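**Q** Next up, run.pdb (PDB, C-alpha atoms).
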ATOM      1  CA  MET B   1      10.188  -0.827  -5.096  1.00  0.00           C
ATOM      2  CA  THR B   2      12.246  -1.176  -1.884  1.00  0.00           C
ATOM      3  CA  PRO B   3      11.050  -1.818   1.679  1.00  0.00           C
ATOM      4  CA  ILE B   4      12.808   0.101   4.492  1.00  0.00           C
ATOM      5  CA  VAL B   5      12.814   0.156   8.322  1.00  0.00           C
ATOM      6  CA  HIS B   6      13.250   3.004  10.858  1.00  0.00           C
ATOM      7  CA  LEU B   7      15.115   2.603  14.180  1.00  0.00           C
ATOM      8  CA  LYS B   8      14.584   5.527  16.601  1.00  0.00           C
ATOM      9  CA  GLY B   9      16.065   5.704  20.129  1.00  0.00           C
ATOM     10  CA  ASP B  10      19.297   6.752  21.898  1.00  0.00           C
ATOM     11  CA  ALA B  11      22.230   7.352  19.505  1.00  0.00           C
ATOM     12  CA  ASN B  12      24.605   5.869  22.127  1.00  0.00           C
ATOM     13  CA  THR B  13      22.877   2.456  21.910  1.00  0.00           C
ATOM     14  CA  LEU B  14      22.339   2.719  18.126  1.00  0.00           C
ATOM     15  CA  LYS B  15      26.084   3.295  17.548  1.00  0.00           C
ATOM     16  CA  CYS B  16      26.922   0.156  19.580  1.00  0.00           C
ATOM     17  CA  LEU B  17      24.275  -1.891  17.714  1.00  0.00           C
ATOM     18  CA  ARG B  18      25.676  -0.856  14.299  1.00  0.00           C
ATOM     19  CA  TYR B  19      29.106  -2.248  15.284  1.00  0.00           C
ATOM     20  CA  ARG B  20      27.521  -5.651  16.060  1.00  0.00           C
ATOM     21  CA  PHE B  21      25.731  -5.653  12.665  1.00  0.00           C
ATOM     22  CA  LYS B  22      29.077  -5.138  10.821  1.00  0.00           C
ATOM     23  CA  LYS B  23      29.628  -8.933  10.744  1.00  0.00           C
ATOM     24  CA  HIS B  24      26.133  -9.315   9.208  1.00  0.00           C
ATOM     25  CA  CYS B  25      27.034  -7.345   6.046  1.00  0.00           C
ATOM     26  CA  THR B  26      24.819  -9.790   4.081  1.00  0.00           C
ATOM     27  CA  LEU B  27      21.683  -8.865   6.094  1.00  0.00           C
ATOM     28  CA  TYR B  28      20.852  -5.537   4.351  1.00  0.00           C
ATOM     29  CA  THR B  29      21.242  -3.661   1.030  1.00  0.00           C
ATOM     30  CA  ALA B  30      22.651  -0.419   2.517  1.00  0.00           C
ATOM     31  CA  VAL B  31      22.641   1.769   5.664  1.00  0.00           C
ATOM     32  CA  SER B  32      22.133   5.569   5.809  1.00  0.00           C
ATOM     33  CA  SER B  33      23.738   7.974   8.325  1.00  0.00           C
ATOM     34  CA  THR B  34      22.062   9.081  11.590  1.00  0.00           C
ATOM     35  CA  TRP B  35      19.279  11.721  11.667  1.00  0.00           C
ATOM     36  CA  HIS B  36      16.725  12.947  14.242  1.00  0.00           C
ATOM     37  CA  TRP B  37      13.461  14.949  14.392  1.00  0.00           C
ATOM     38  CA  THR B  38      13.783  18.759  14.615  1.00  0.00           C
ATOM     39  CA  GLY B  39      11.417  21.522  15.817  1.00  0.00           C
ATOM     40  CA  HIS B  40      12.524  24.106  18.419  1.00  0.00           C
ATOM     41  CA  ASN B  41      14.794  24.560  21.490  1.00  0.00           C
ATOM     42  CA  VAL B  42      17.526  22.815  19.414  1.00  0.00           C
ATOM     43  CA  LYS B  43      16.558  19.102  19.476  1.00  0.00           C
ATOM     44  CA  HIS B  44      19.388  16.778  18.340  1.00  0.00           C
ATOM     45  CA  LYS B  45      19.842  14.326  21.268  1.00  0.00           C
ATOM     46  CA  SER B  46      17.720  11.614  19.582  1.00  0.00           C
ATOM     47  CA  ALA B  47      19.154   9.577  16.669  1.00  0.00           C
ATOM     48  CA  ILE B  48      17.574   7.406  13.934  1.00  0.00           C
ATOM     49  CA  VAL B  49      18.981   5.176  11.150  1.00  0.00           C
ATOM     50  CA  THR B  50      17.353   4.401   7.767  1.00  0.00           C
ATOM     51  CA  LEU B  51      17.770   0.786   6.568  1.00  0.00           C
ATOM     52  CA  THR B  52      16.835  -0.567   3.104  1.00  0.00           C
ATOM     53  CA  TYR B  53      16.301  -4.197   2.004  1.00  0.00           C
ATOM     54  CA  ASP B  54      16.774  -5.864  -1.412  1.00  0.00           C
ATOM     55  CA  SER B  55      13.540  -7.874  -0.985  1.00  0.00           C
ATOM     56  CA  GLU B  56      10.717  -8.566   1.512  1.00  0.00           C
ATOM     57  CA  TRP B  57      12.527 -11.849   2.316  1.00  0.00           C
ATOM     58  CA  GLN B  58      15.661 -10.072   3.637  1.00  0.00           C
ATOM     59  CA  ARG B  59      13.534  -7.704   5.770  1.00  0.00           C
ATOM     60  CA  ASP B  60      11.580 -10.601   7.351  1.00  0.00           C
ATOM     61  CA  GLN B  61      14.816 -12.409   8.316  1.00  0.00           C
ATOM     62  CA  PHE B  62      16.387  -9.187   9.674  1.00  0.00           C
ATOM     63  CA  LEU B  63      13.322  -8.897  11.953  1.00  0.00           C
ATOM     64  CA  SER B  64      14.097 -12.276  13.582  1.00  0.00           C
ATOM     65  CA  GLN B  65      17.903 -12.082  13.079  1.00  0.00           C
ATOM     66  CA  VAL B  66      18.945  -8.848  14.850  1.00  0.00           C
ATOM     67  CA  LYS B  67      18.131  -8.197  18.535  1.00  0.00           C
ATOM     68  CA  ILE B  68      16.803  -4.757  19.581  1.00  0.00           C
ATOM     69  CA  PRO B  69      16.649  -3.370  23.127  1.00  0.00           C
ATOM     70  CA  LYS B  70      13.465  -1.733  24.498  1.00  0.00           C
ATOM     71  CA  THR B  71      14.943   1.774  23.958  1.00  0.00           C
ATOM     72  CA  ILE B  72      14.497   1.514  20.149  1.00  0.00           C
ATOM     73  CA  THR B  73      11.330   1.723  18.004  1.00  0.00           C
ATOM     74  CA  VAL B  74      11.132  -0.681  15.024  1.00  0.00           C
ATOM     75  CA  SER B  75       8.970   0.360  12.039  1.00  0.00           C
ATOM     76  CA  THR B  76       8.585  -1.344   8.625  1.00  0.00           C
ATOM     77  CA  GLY B  77       6.932  -0.316   5.328  1.00  0.00           C
ATOM     78  CA  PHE B  78       7.301  -0.233   1.514  1.00  0.00           C
ATOM     79  CA  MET B  79       8.119   2.774  -0.715  1.00  0.00           C
ATOM     80  CA  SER B  80       7.303   3.175  -4.434  1.00  0.00           C
ATOM     81  CA  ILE B  81      10.385   4.259  -6.434  1.00  0.00           C
TER      82      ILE B  81
ATOM     83  CA  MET W   1      -0.003   4.665   8.402  1.00  0.00           C
ATOM     84  CA  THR W   2       2.015   7.683   7.180  1.00  0.00           C
ATOM     85  CA  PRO W   3       3.359   8.423   3.690  1.00  0.00           C
ATOM     86  CA  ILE W   4       6.865   9.950   3.448  1.00  0.00           C
ATOM     87  CA  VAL W   5       9.156  11.396   0.738  1.00  0.00           C
ATOM     88  CA  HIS W   6      12.964  11.328   0.277  1.00  0.00           C
ATOM     89  CA  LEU W   7      14.970  14.262  -1.156  1.00  0.00           C
ATOM     90  CA  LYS W   8      18.578  13.352  -2.073  1.00  0.00           C
ATOM     91  CA  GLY W   9      21.079  15.782  -3.657  1.00  0.00           C
ATOM     92  CA  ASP W  10      23.583  18.491  -2.625  1.00  0.00           C
ATOM     93  CA  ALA W  11      23.239  19.587   1.033  1.00  0.00           C
ATOM     94  CA  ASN W  12      24.085  23.177  -0.017  1.00  0.00           C
ATOM     95  CA  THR W  13      20.933  23.394  -2.182  1.00  0.00           C
ATOM     96  CA  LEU W  14      18.814  21.394   0.303  1.00  0.00           C
ATOM     97  CA  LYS W  15      19.675  23.833   3.132  1.00  0.00           C
ATOM     98  CA  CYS W  16      18.568  26.795   0.967  1.00  0.00           C
ATOM     99  CA  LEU W  17      15.340  24.995  -0.037  1.00  0.00           C
ATOM    100  CA  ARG W  18      14.430  24.283   3.619  1.00  0.00           C
ATOM    101  CA  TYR W  19      14.598  28.032   4.391  1.00  0.00           C
ATOM    102  CA  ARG W  20      12.065  28.737   1.602  1.00  0.00           C
ATOM    103  CA  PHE W  21       9.716  26.031   2.976  1.00  0.00           C
ATOM    104  CA  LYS W  22       9.708  27.700   6.450  1.00  0.00           C
ATOM    105  CA  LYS W  23       6.793  29.948   5.371  1.00  0.00           C
ATOM    106  CA  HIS W  24       4.895  26.799   4.275  1.00  0.00           C
ATOM    107  CA  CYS W  25       4.769  25.338   7.815  1.00  0.00           C
ATOM    108  CA  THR W  26       1.254  24.031   6.982  1.00  0.00           C
ATOM    109  CA  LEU W  27       2.534  21.891   4.062  1.00  0.00           C
ATOM    110  CA  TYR W  28       3.962  18.953   6.097  1.00  0.00           C
ATOM    111  CA  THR W  29       3.567  17.074   9.416  1.00  0.00           C
ATOM    112  CA  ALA W  30       7.265  17.176  10.425  1.00  0.00           C
ATOM    113  CA  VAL W  31      10.827  17.313   9.013  1.00  0.00           C
ATOM    114  CA  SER W  32      13.794  15.124  10.069  1.00  0.00           C
ATOM    115  CA  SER W  33      17.477  16.181  10.136  1.00  0.00           C
ATOM    116  CA  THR W  34      19.926  15.580   7.248  1.00  0.00           C
ATOM    117  CA  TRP W  35      21.489  12.141   6.576  1.00  0.00           C
ATOM    118  CA  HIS W  36      23.451  10.526   3.712  1.00  0.00           C
ATOM    119  CA  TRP W  37      24.458   7.048   2.460  1.00  0.00           C
ATOM    120  CA  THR W  38      27.646   5.534   3.953  1.00  0.00           C
ATOM    121  CA  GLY W  39      30.049   2.794   2.771  1.00  0.00           C
ATOM    122  CA  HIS W  40      33.824   3.407   2.552  1.00  0.00           C
ATOM    123  CA  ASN W  41      36.432   6.146   1.864  1.00  0.00           C
ATOM    124  CA  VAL W  42      34.390   8.345   4.276  1.00  0.00           C
ATOM    125  CA  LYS W  43      31.318   9.412   2.241  1.00  0.00           C
ATOM    126  CA  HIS W  44      29.392  12.327   3.817  1.00  0.00           C
ATOM    127  CA  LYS W  45      29.273  14.998   1.051  1.00  0.00           C
ATOM    128  CA  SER W  46      25.732  14.003  -0.028  1.00  0.00           C
ATOM    129  CA  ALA W  47      22.711  15.001   2.109  1.00  0.00           C
ATOM    130  CA  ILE W  48      19.088  13.766   2.304  1.00  0.00           C
ATOM    131  CA  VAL W  49      15.986  14.887   4.259  1.00  0.00           C
ATOM    132  CA  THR W  50      13.070  12.687   5.423  1.00  0.00           C
ATOM    133  CA  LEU W  51       9.611  14.310   5.137  1.00  0.00           C
ATOM    134  CA  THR W  52       6.333  12.906   6.543  1.00  0.00           C
ATOM    135  CA  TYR W  53       2.731  13.826   5.622  1.00  0.00           C
ATOM    136  CA  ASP W  54      -0.485  13.699   7.698  1.00  0.00           C
ATOM    137  CA  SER W  55      -2.461  12.299   4.726  1.00  0.00           C
ATOM    138  CA  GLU W  56      -2.103  11.376   1.025  1.00  0.00           C
ATOM    139  CA  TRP W  57      -3.849  14.700   0.251  1.00  0.00           C
ATOM    140  CA  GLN W  58      -1.055  16.805   1.826  1.00  0.00           C
ATOM    141  CA  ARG W  59       1.631  14.802  -0.034  1.00  0.00           C
ATOM    142  CA  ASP W  60      -0.107  15.281  -3.419  1.00  0.00           C
ATOM    143  CA  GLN W  61      -0.316  19.070  -2.905  1.00  0.00           C
ATOM    144  CA  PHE W  62       3.323  19.260  -1.718  1.00  0.00           C
ATOM    145  CA  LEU W  63       4.275  17.586  -5.029  1.00  0.00           C
ATOM    146  CA  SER W  64       2.731  20.461  -7.034  1.00  0.00           C
ATOM    147  CA  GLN W  65       3.347  23.163  -4.372  1.00  0.00           C
ATOM    148  CA  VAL W  66       7.133  23.089  -3.785  1.00  0.00           C
ATOM    149  CA  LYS W  67       9.642  23.547  -6.642  1.00  0.00           C
ATOM    150  CA  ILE W  68      12.691  21.235  -6.847  1.00  0.00           C
ATOM    151  CA  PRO W  69      15.828  21.799  -8.935  1.00  0.00           C
ATOM    152  CA  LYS W  70      17.281  19.028 -11.153  1.00  0.00           C
ATOM    153  CA  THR W  71      20.014  18.279  -8.555  1.00  0.00           C
ATOM    154  CA  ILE W  72      17.488  16.593  -6.197  1.00  0.00           C
ATOM    155  CA  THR W  73      15.762  13.182  -6.441  1.00  0.00           C
ATOM    156  CA  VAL W  74      12.089  13.052  -5.353  1.00  0.00           C
ATOM    157  CA  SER W  75      10.726   9.703  -4.088  1.00  0.00           C
ATOM    158  CA  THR W  76       7.311   8.918  -2.530  1.00  0.00           C
ATOM    159  CA  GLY W  77       5.855   5.858  -0.749  1.00  0.00           C
ATOM    160  CA  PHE W  78       3.759   4.645   2.222  1.00  0.00           C
ATOM    161  CA  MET W  79       4.971   2.970   5.447  1.00  0.00           C
ATOM    162  CA  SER W  80       2.947   0.701   7.774  1.00  0.00           C
ATOM    163  CA  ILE W  81       3.256   1.843  11.417  1.00  0.00           C
TER     164      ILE W  81
END
Please express the file's structure as structure tokens.

**A**
Amino acid sequence: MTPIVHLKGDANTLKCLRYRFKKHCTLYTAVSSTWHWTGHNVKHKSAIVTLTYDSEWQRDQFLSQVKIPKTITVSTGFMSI
Amino acid sequence: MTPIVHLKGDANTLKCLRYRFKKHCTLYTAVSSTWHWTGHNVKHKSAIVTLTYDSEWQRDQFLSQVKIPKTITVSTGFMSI
């Protein structure tokens, strides 16, 4: 299994946060590209990033290791693979 | 909580599959945009789509309701929100 987190908010702030996490390459297993919810009226201003962890221990540390502004939503969970 | 699925494979086939699911608007809660894994040498040929369900019942039916070719990986799990 592999636990993952979801960061939703402004892509402008997310892009700047990813650059700061580059030095912390040992704080995650891998990072996906940027995606956003879709429906009608062409909605692509929002941006989200999928993050995966190698173990529940790495996810717990990442929670108290990386700082997140109030314009981002942090969600955690576990997926069966 | 909300269970979600991950479909990874060729974006060309995924785009055609999404069009066929348009008629089944009552088979999912919402659909995210397309994203792919990133690392080095510019990797963006792959494409994935995040799907969310309103209940474990909708996810189970979607498993035996939509057809998936062998070029796509199907993964299921539950996230705590």

**Q** In terms of the shortest atom-to-atom distance over only C-alpha atoms, which of W:50, W:71, W:61, W:80 is closest to residue 12 (chain W)?

**A** W:71

**Q** I need the chain W residues near chain B as a ChimeraX atom specification; criterion: at most 7 Å, counting only C-alpha atoms.

**A** /W:31-38,75-81

**Q** Mind giving me the straight-line distance from CA of residue 20 (chain B) to CA of residue 51 (chain W) in Å, one decimal?

**A**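 Separation of CA of residue 20 (chain B) and CA of residue 51 (chain W): 29.0 Å.
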
**Q** Which polymer residues have any atom within 12 Å of an atom of residue 26 (chain B), counting all atoms listed in the file, with same-chain residues fewer than 4 positions away left out, as a PyMOL selection string?

**A** chain B and resi 21-22+30-31+53-54+58-59+61-62+65

**Q** CA of residue 11 (chain B) and CA of residue 64 (chain B), how far apart in Å?

**A**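 Straight-line distance from CA of residue 64 (chain B) to CA of residue 11 (chain B) works out to 22.1 Å.
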
**Q** Please compute the CA of residue 46 (chain W)-CA of residue 7 (chain W) distance, one decimal, in Å.

**A**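 A separation of 10.8 Å between them.
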
**Q** Box for region 21-34 of chain B: with edges along x, y and z, all listed atoms inside and 8 Å added on each side, what are the centre and edge lengths in Å to one decimal, as lines of an AutoDock Vina configuration file?

**A**
center_x = 25.2
center_y = -0.4
center_z = 6.8
size_x = 24.8
size_y = 34.9
size_z = 27.6

**Q** When you get a chance, write out N, CA, C and O atoms for region 10-27 of chain B, as a PDB file, in the frame of the given file.

**A**
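Listing of out.pdb after writing:
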ATOM      1  N   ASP B  10      18.067   6.020  21.466  1.00  0.00           N
ATOM      2  CA  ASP B  10      19.297   6.752  21.898  1.00  0.00           C
ATOM      3  C   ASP B  10      20.440   6.491  20.913  1.00  0.00           C
ATOM      4  O   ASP B  10      20.713   5.363  20.552  1.00  0.00           O
ATOM      5  N   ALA B  11      21.104   7.531  20.473  1.00  0.00           N
ATOM      6  CA  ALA B  11      22.230   7.352  19.505  1.00  0.00           C
ATOM      7  C   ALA B  11      23.357   6.535  20.144  1.00  0.00           C
ATOM      8  O   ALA B  11      24.069   5.815  19.468  1.00  0.00           O
ATOM      9  N   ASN B  12      23.522   6.641  21.439  1.00  0.00           N
ATOM     10  CA  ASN B  12      24.605   5.869  22.127  1.00  0.00           C
ATOM     11  C   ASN B  12      24.385   4.366  21.928  1.00  0.00           C
ATOM     12  O   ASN B  12      25.306   3.629  21.624  1.00  0.00           O
ATOM     13  N   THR B  13      23.169   3.911  22.091  1.00  0.00           N
ATOM     14  CA  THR B  13      22.877   2.456  21.910  1.00  0.00           C
ATOM     15  C   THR B  13      22.883   2.109  20.420  1.00  0.00           C
ATOM     16  O   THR B  13      23.353   1.061  20.021  1.00  0.00           O
ATOM     17  N   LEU B  14      22.367   2.987  19.598  1.00  0.00           N
ATOM     18  CA  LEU B  14      22.339   2.719  18.126  1.00  0.00           C
ATOM     19  C   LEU B  14      23.766   2.554  17.594  1.00  0.00           C
ATOM     20  O   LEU B  14      24.043   1.669  16.807  1.00  0.00           O
ATOM     21  N   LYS B  15      24.669   3.398  18.023  1.00  0.00           N
ATOM     22  CA  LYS B  15      26.084   3.295  17.548  1.00  0.00           C
ATOM     23  C   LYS B  15      26.675   1.936  17.939  1.00  0.00           C
ATOM     24  O   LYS B  15      27.382   1.314  17.168  1.00  0.00           O
ATOM     25  N   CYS B  16      26.384   1.477  19.129  1.00  0.00           N
ATOM     26  CA  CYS B  16      26.922   0.156  19.580  1.00  0.00           C
ATOM     27  C   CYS B  16      26.250  -0.980  18.803  1.00  0.00           C
ATOM     28  O   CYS B  16      26.868  -1.985  18.499  1.00  0.00           O
ATOM     29  N   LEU B  17      24.992  -0.823  18.476  1.00  0.00           N
ATOM     30  CA  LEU B  17      24.275  -1.891  17.714  1.00  0.00           C
ATOM     31  C   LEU B  17      24.822  -1.973  16.288  1.00  0.00           C
ATOM     32  O   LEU B  17      24.974  -3.047  15.736  1.00  0.00           O
ATOM     33  N   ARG B  18      25.129  -0.848  15.692  1.00  0.00           N
ATOM     34  CA  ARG B  18      25.676  -0.856  14.299  1.00  0.00           C
ATOM     35  C   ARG B  18      26.983  -1.650  14.254  1.00  0.00           C
ATOM     36  O   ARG B  18      27.237  -2.393  13.323  1.00  0.00           O
ATOM     37  N   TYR B  19      27.811  -1.500  15.257  1.00  0.00           N
ATOM     38  CA  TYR B  19      29.106  -2.248  15.284  1.00  0.00           C
ATOM     39  C   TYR B  19      28.839  -3.758  15.282  1.00  0.00           C
ATOM     40  O   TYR B  19      29.528  -4.517  14.628  1.00  0.00           O
ATOM     41  N   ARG B  20      27.842  -4.191  16.011  1.00  0.00           N
ATOM     42  CA  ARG B  20      27.521  -5.651  16.060  1.00  0.00           C
ATOM     43  C   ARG B  20      26.964  -6.122  14.711  1.00  0.00           C
ATOM     44  O   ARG B  20      27.132  -7.266  14.332  1.00  0.00           O
ATOM     45  N   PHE B  21      26.303  -5.253  13.989  1.00  0.00           N
ATOM     46  CA  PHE B  21      25.731  -5.653  12.665  1.00  0.00           C
ATOM     47  C   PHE B  21      26.815  -5.674  11.576  1.00  0.00           C
ATOM     48  O   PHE B  21      26.588  -6.162  10.486  1.00  0.00           O
ATOM     49  N   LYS B  22      27.988  -5.147  11.853  1.00  0.00           N
ATOM     50  CA  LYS B  22      29.077  -5.138  10.821  1.00  0.00           C
ATOM     51  C   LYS B  22      29.344  -6.557  10.304  1.00  0.00           C
ATOM     52  O   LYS B  22      29.519  -6.768   9.118  1.00  0.00           O
ATOM     53  N   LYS B  23      29.375  -7.526  11.184  1.00  0.00           N
ATOM     54  CA  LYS B  23      29.628  -8.933  10.744  1.00  0.00           C
ATOM     55  C   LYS B  23      28.479  -9.426   9.853  1.00  0.00           C
ATOM     56  O   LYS B  23      28.664 -10.278   9.005  1.00  0.00           O
ATOM     57  N   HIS B  24      27.299  -8.888  10.040  1.00  0.00           N
ATOM     58  CA  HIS B  24      26.133  -9.315   9.208  1.00  0.00           C
ATOM     59  C   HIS B  24      26.004  -8.407   7.982  1.00  0.00           C
ATOM     60  O   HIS B  24      24.946  -7.880   7.696  1.00  0.00           O
ATOM     61  N   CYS B  25      27.079  -8.222   7.259  1.00  0.00           N
ATOM     62  CA  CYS B  25      27.034  -7.345   6.046  1.00  0.00           C
ATOM     63  C   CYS B  25      26.048  -7.903   5.011  1.00  0.00           C
ATOM     64  O   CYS B  25      25.558  -7.182   4.162  1.00  0.00           O
ATOM     65  N   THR B  26      25.763  -9.182   5.068  1.00  0.00           N
ATOM     66  CA  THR B  26      24.819  -9.790   4.081  1.00  0.00           C
ATOM     67  C   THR B  26      23.382  -9.791   4.618  1.00  0.00           C
ATOM     68  O   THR B  26      22.562 -10.588   4.201  1.00  0.00           O
ATOM     69  N   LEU B  27      23.069  -8.909   5.536  1.00  0.00           N
ATOM     70  CA  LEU B  27      21.683  -8.865   6.094  1.00  0.00           C
ATOM     71  C   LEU B  27      20.968  -7.562   5.701  1.00  0.00           C
ATOM     72  O   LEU B  27      19.927  -7.238   6.242  1.00  0.00           O
TER      73      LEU B  27
END
